[PDB]
Every structure is written in C-alpha cells, then in structure tokens.
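First the structure, in the form of structure tokens, and then the observations on it.
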Ligand SMILES: *C(=N)[C@@H](NC(=O)[C@@H]1[C@@H]2[C@H](CN1C(=O)[C@@H](NC(=O)C(F)(F)F)C(C)(C)C)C2(C)C)c1cncc(Cl)c1
Ligand SMILES: *C(=N)[C@@H](NC(=O)[C@@H]1[C@@H]2[C@H](CN1C(=O)[C@@H](NC(=O)C(F)(F)F)C(C)(C)C)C2(C)C)c1cncc(Cl)c1
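Chains as they are written, first to last, in our numbering: chain Z, 1293 to 1598; chain D, 1293 to 1598.
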C-alpha cells in the first residue's frame, strides 16, 4: 500500500538526452535514431526573441552552427530543418540507445513523467499533469528547455511534451514532439499568461478511490447524488464537469472499493462545501487532482514496464 | 522555478534490477558486479516466517534453489551467503551495467529515491524521506521486496535502502545494503509497529525557504525568535529540536533569500500556532517535511548528474 506521486523509470529517456548549442545558447535535445529534436528558439539571440522570423533566422544558419554533445562525444550535424516549433537536427550517428518510441499528444487532465535536464545531463524525474489550461506546474530552471515529458507502456516510450518556456506565474508551457504548442502559447517573448484553470474532477475522484483503497474512509457517507446535481456543485467550485465517460472510467475503482461513483461524488460534494475540518487524505489537506484513474489502478494493483 | 518532489534519474539503478526466485517466492534483487543482493526472507515459506532460524533455513538451501532472472536471461548462481538480513547470491556473470556505487546508511530526516520494482522489472520512481522513527512512507505492493532506495552524486549511486516489509499502518521498513534494519524492526512476522513519529523541523524550514524562492511570502513577518524559544514551540507541536548545526546548514538558503534563519523560525512558529487560514504554500495546505536543505538547493539552483 501507500500512494506516491510516482514517475516512470527514466532510464530509456536518459539514453536519449543530448546537449544542443547554437551561438551562446545551450539547451537539451532529444536524440532518437539519427535526429536530434530541440526547441527552435535555440537559434535565437536575446534581441531575436523579441519578435523572431524563424524561417529567416534558420536559413542564415549552417549545419556547423549546431554543436551537439552526447555525453563526452560530439555528434556531427549533417542536416537541419524546422518542424513547427521544434528543430530537427540530422546527425551522422543513430542513437544506439534509441528505445521503441512514439510521438503522442496528450489531453489536459492526463499525466506524464518529466526528465528535467541541463546541458544534456538528466537532473531529476517527476510526475506532472497537463492542466486544463494547457500549462504544467513543473520544476524547471534556466537551461531546462528541451527536457521532455513521456509515458512508458510496457517497453515503448510515448513522448508527449518538450519544454519551451516558463510563464510569469511560474508555470510552464511547451510543445508536443511534432512542435505544436500545448495551449495558446508562442515561442517569443510576449506578455502571454496562463489563463484561468479548473480542477480535474475525474482525477480528484480517482484519488479519493486511492484513499479508500489505502484505508482513508472518514470522508465517506451514505448520501448519494445525481450526476446533474453533482455537476452544479462542480461548476460552483471551479471543477470541470463530470461526464458519463468519466463515470465509466471510474468503474473498476468503484467495483474494487464497493463505493458507487455517484456516492463518491456525494462525498466530494460534501468535501467541497465543508472542507476537511482539520483532517487529511493520503497525507494531503487539499483535494489532489494530478492522478488519473489509470495512475491509481497502476499504483493500487502493480503494473511494471520492460 | 517551481518545486516538485523530484527523484534522481533511475537509469543506473534500472540496469541492476533482477528477479530472484526461491521456492514459490519471487522478489527483486540488486545485481552489482557478480553479486545479487536480496532480502533473506526470500528463503522462507509462509510457516517459516512465523519464527525463522535463518542460519538453519539457509544451510538447507543449494545454489540451484536460487533462480535469478536478469531480463530474459537466466543468471547461474554459483555461491550464496547471508550478511545480516540480506542474501548475497554469487553469480557467474558480472553485471556489465554496474555503475560506480557505494553502500551508505542514511539518517532519519534524509531523503532518497526509490525504484519500485516487481519481478525484477522497474515500475516507478519516487522520492522518500527516512522518518525519525526509521520507517518510510513508500508505495509498495506485493512483490516489491528488494526494491532499493538510493541517491546519485555526479556519477556514483549511493544505495541506502532495500525494502523488506510493510508495517500495519501502511508504512515500510527495510535495511541498508549491508542488511542492517533501519529502526527496531525484524524480518519475521511479529506484531511490530512503527512507533511514534515527529516532524523533521529543519526540512520544514528548508521548504519554507523554497517557498520564498518561488514567490510565496504571505507567511513571512518582521518578528524573530530565539532558538530556545522556537524549540519550546517545536516540542509542543511534535517537531524535533532545531540545532545550531541545522541553523548553519540553512545558512545558504538564508543568505539567498535574505530571511534570517531565526526569522523563518518565527514564521514557522506562527504557522504552527495559527495554521494557514485557508492559504497554501507551494501547492500544499500542510507543512512539508520531506525536502532537505540539500534538496532545496538542488532544485532552486540546478545540479545535474552524469
Ligand atoms: C529554457 N532553457 C528557458 N526558457 C526560455 O529561454 C524561454 C524561451 C524564450 C524565453 N523563455 C522564457 O521561458 C521566458 N518566458 C516567457 O514566457 C516569455 F518568453 F518571456 F514570454 C522567461 C522570462 C521565463 C525567461 C521562449 C519563450 C521561447 C527556461 C525554461 N523554463 C524555466 C526557466 Cl527559469 C527558463
Ligand atoms: C515483499 N515483497 C512483501 N513483504 C513481505 O513479504 C514481508 C516480509 C515478511 C512478511 N512481510 C510483510 O511485509 C508483512 N509485514 C509485517 O510487518 C509482518 F511480517 F507481518 F510482521 C505483511 C503483513 C504486510 C505482508 C517480512 C516481514 C520479512 C511486501 C512488501 N511491501 C508491501 C507489501 Cl503489500 C508486501
């Protein structure tokens, strides 16, 4: 038992991380087969980032303008192109550590692991959710750009995120691995800001089920509620709507605990209207929304990856 | 910016994880050079675990009684011995992925990363603290025994923990890698229980400094306090004493934020006496004590590992 914010083992991604330097900017790249992916703003200078024309900036670059460091081994760049907001650096060596992988784009509300990196050297791993407003509450310092987010499904790494920028509230914005931003953000220095967020209701319910599985039951009750009446309360407290599909997705957890989904919604309703009254759930005094139903099943059943 | 419970990249440990089977019990082993380390209770049957004489149980075992699986490759056991509460299985192949490593024993209050594993297959990574009562609040299911805890310092893995057992409160007990239990726990089925815990004061202060670095300041105040007067409040609220050495260790964070250590103690005193009044710190409504001053510097400055 127990419930931790658990990331996927990072080894398979660690073997792909490289350092990409252009001019005086160094950031991280993802090396898969003979291509290194990195944020295209690597080609920008300080004043370039005020309002950049990336096509113009890139045509003025040369293969030799890109220094790629894989550990203590230089990688020779033999081609370069732009795909949306990422750069694809063609190199003369295919990464022998390339895992089986996919490029997937995730939904707000879904979670992933982040391998935070500096100078192509992994520093730490942690679990994030894609917020409803398409930001992530990460932990990133200068030089972290190009660090990637991912999930692992048996042996295949599904890359879903690459870090580009920090917004003024301290949250983070980036792209999928085809270079398309998550959310209404751009890789230039504007006054862009996150925009209003909501709480991921289905995840809160999943985490309440994890709590029951782990012996926290004080918030339970005999009351029930209807989906429509729950969603009136959700809207009130800035939670997003619960759909029938969410109810279906929570089925396995409902069955394992014996607590009907709508019953647990009644519990959540009471928690929202009354607070916790000094008590905690899974060591938290706040309602946690960055565990999906899948994450809960993973940790409260025990699936591995190879 | 941002502050996450961040684990070390797990790759170097993933390459050491193997499956150890004896009889009908399968658990995880740690494969370094030509030795596989695992909990000695692997040799016990259900009724053996009621009150086992491990020397007697092991003399009745044979090298061929131990099946070691490294991925889809069997490892031939050529020797076996007991070192305190771990088994050392001598195998005919040295692990080619053996990192530089050390066996270190940590102090309560210190943190480490755990690579949770099942059938020698890593499942997830997360960050733990050694509680003052020598338990850890982990996330472990059946088959997780032999999963290890560790820290990484540049390129060297300092193994500090191997998982043995779950206590009735859902917390976890285990050994260092020489097989010596953390805390007053034994690898047999008694009525053993965790025993009273305290809050790691120096860590709470470190996390308050992380909060200030990340822009949370509402809990700050002009008040100060003396070390002795703070420690009277600490004792009251089941916090452990703050020493001058703790104050010294917090020096760098104090200097980076401009908030004197004893001033931040005054802030903590007010937080303990008044609560948070509906506000949060670094996304928590509770005072967090599983980040050390080192962890805070790591994440609020940016050190990597290779
Ligand atoms: C990556 N190593 C670094 N981020 C950047 O260089 C990105 C990048 C260029 C500026 N920038 C920012 O993150 C800034 N953020 C902005 O929203 C804006 F550009 F100013 F509009 C800022 C002020 C945080 C430096 C572009 C947006 C494309 C980085 C990444 N993550 C965290 C940190 Cl501290 C730095
Ligand atoms: C490991 N794969 C598994 N743990 C065990 O088999 C350990 C082991 C034997 C029993 N045991 C326990 O964890 C039990 N805990 C006890 O405190 C006691 F033995 F009963 F006293 C129990 C009841 C949880 C199964 C010894 C203590 C040496 C395991 C590890 N972590 C979590 C889980 Cl769910 C199982």
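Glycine is no exception: its CB is placed at the ideal position from the N, C-alpha and C atoms.
Just how far apart, CA to CA, sit residue i and residue j?
i: residue 1531 of chain Z; j: residue 1584 of chain Z; result: 15 Å
i: residue 1555 of chain Z; j: residue 1572 of chain Z; result: 20 Å
i: residue 1522 of chain Z; j: residue 1493 of chain Z; result: 11 Å
i: residue 1512 of chain D; j: residue 1518 of chain D; result: 16 Å
i: residue 1457 of chain D; j: residue 1358 of chain Z; result: 51 Å
i: residue 1293 of chain D; j: residue 1476 of chain D; result: 40 Å
i: residue 1488 of chain Z; j: residue 1452 of chain Z; result: 23 Å
i: residue 1559 of chain Z; j: residue 1509 of chain Z; result: 10 Å
i: residue 1383 of chain D; j: residue 1478 of chain Z; result: 55 Å
i: residue 1376 of chain Z; j: residue 1548 of chain D; result: 39 Å
i: residue 1317 of chain Z; j: residue 1350 of chain Z; result: 15 Å
i: residue 1367 of chain Z; j: residue 1319 of chain Z; result: 15 Å
i: residue 1392 of chain Z; j: residue 1535 of chain D; result: 51 Å
i: residue 1371 of chain Z; j: residue 1495 of chain D; result: 49 Å
i: residue 1582 of chain Z; j: residue 1463 of chain D; result: 22 Å
i: residue 1432 of chain Z; j: residue 1459 of chain Z; result: 11 Å
i: residue 1443 of chain Z; j: residue 1449 of chain Z; result: 6 Å
i: residue 1306 of chain Z; j: residue 1315 of chain D; result: 36 Å
i: residue 1565 of chain D; j: residue 1524 of chain Z; result: 36 Å
i: residue 1380 of chain Z; j: residue 1594 of chain D; result: 26 Å
i: residue 1441 of chain D; j: residue 1304 of chain D; result: 12 Å
Measuring only from the beta carbon, is residue i closer than 7 Å to any heavy atom that is part of ligand 1?
i: residue 1309 of chain Z; result: no
i: residue 1434 of chain Z; result: yes
i: residue 1599 of chain Z; result: Nothing can be reported for residue 1599 of chain Z: it is not among the residues displayed for chain Z, which extend from 1293 to 1598.
i: residue 1341 of chain Z; result: yes
i: residue 1366 of chain D; result: no
i: residue 1437 of chain Z; result: yes
i: residue 1375 of chain Z; result: no
Here's the rule: buried if 16 or more other CB atoms are within 10 angstroms of the residue's CB, otherwise exposed. What is residue i?
i: residue 1567 of chain D; result: exposed
i: residue 1561 of chain Z; result: buried
i: residue 1499 of chain Z; result: buried
i: residue 1347 of chain D; result: exposed
i: residue 1413 of chain Z; result: buried
i: residue 1352 of chain D; result: exposed
i: residue 1321 of chain Z; result: buried
i: residue 1587 of chain D; result: buried
i: residue 1427 of chain D; result: buried
Establish whether the CB of residue i and some CB of chain Z are separated by less than 8 Å.
i: residue 1306 of chain D; result: yes
i: residue 1329 of chain D; result: no
i: residue 1392 of chain D; result: no
i: residue 1296 of chain D; result: yes
i: residue 1502 of chain D; result: no
i: residue 1561 of chain D; result: no
Only counting the same chain, and skipping five residues up and downstream in sequence, which positions put a Cβ closer than 8 Å to that of residue i?
i: residue 1378 of chain Z; result: 1329, 1330, 1331, 1332, 1454, 1467, 1469, 1470, 1471
i: residue 1552 of chain D; result: 1516, 1546
i: residue 1539 of chain Z; result: 1519, 1553, 1554
i: residue 1342 of chain D; result: 1480, 1481
i: residue 1485 of chain Z; result: 1459, 1460, 1461
Answer yes or no: does any C-beta atom of chain D fall closer than 8 Å to that of residue i?
i: residue 1374 of chain Z; result: no
i: residue 1450 of chain Z; result: no
i: residue 1485 of chain Z; result: no
i: residue 1423 of chain Z; result: no
i: residue 1596 of chain Z; result: yes
i: residue 1571 of chain Z; result: no
i: residue 1475 of chain Z; result: no
i: residue 1458 of chain Z; result: yes
i: residue 1439 of chain Z; result: no
i: residue 1355 of chain Z; result: no
i: residue 1506 of chain Z; result: yes
Which residues in the same chain as residue i place their Cβ atom closer than 6 Å to its Cβ, once the five residues preceding and following it in sequence are excluded?
i: residue 1418 of chain D; result: 1299, 1406
Is residue i near ligand 2, with its Cβ less than 7 Å from a heavy atom?
i: residue 1457 of chain D; result: yes
i: residue 1464 of chain Z; result: no
i: residue 1614 of chain D; result: Past the boundaries of the shown model lies residue 1614 of chain D; chain D is included only from 1293 to 1598, so the question cannot be answered.
i: residue 1480 of chain D; result: yes
i: residue 1333 of chain D; result: yes
i: residue 1293 of chain Z; result: yes
i: residue 1399 of chain D; result: no
i: residue 1319 of chain D; result: yes
CB-CB under 7 Å to residue i, same chain, minus the five flanking residues each way: which ones, in chain order?
i: residue 1411 of chain D; result: 1311, 1318, 1435
i: residue 1323 of chain Z; result: 1308, 1310, 1362, 1387
i: residue 1503 of chain D; result: 1573, 1574
i: residue 1250 of chain D; result: Since the first and last residues shown for chain D are 1293 and 1598, residue 1250 of chain D lies out of range.
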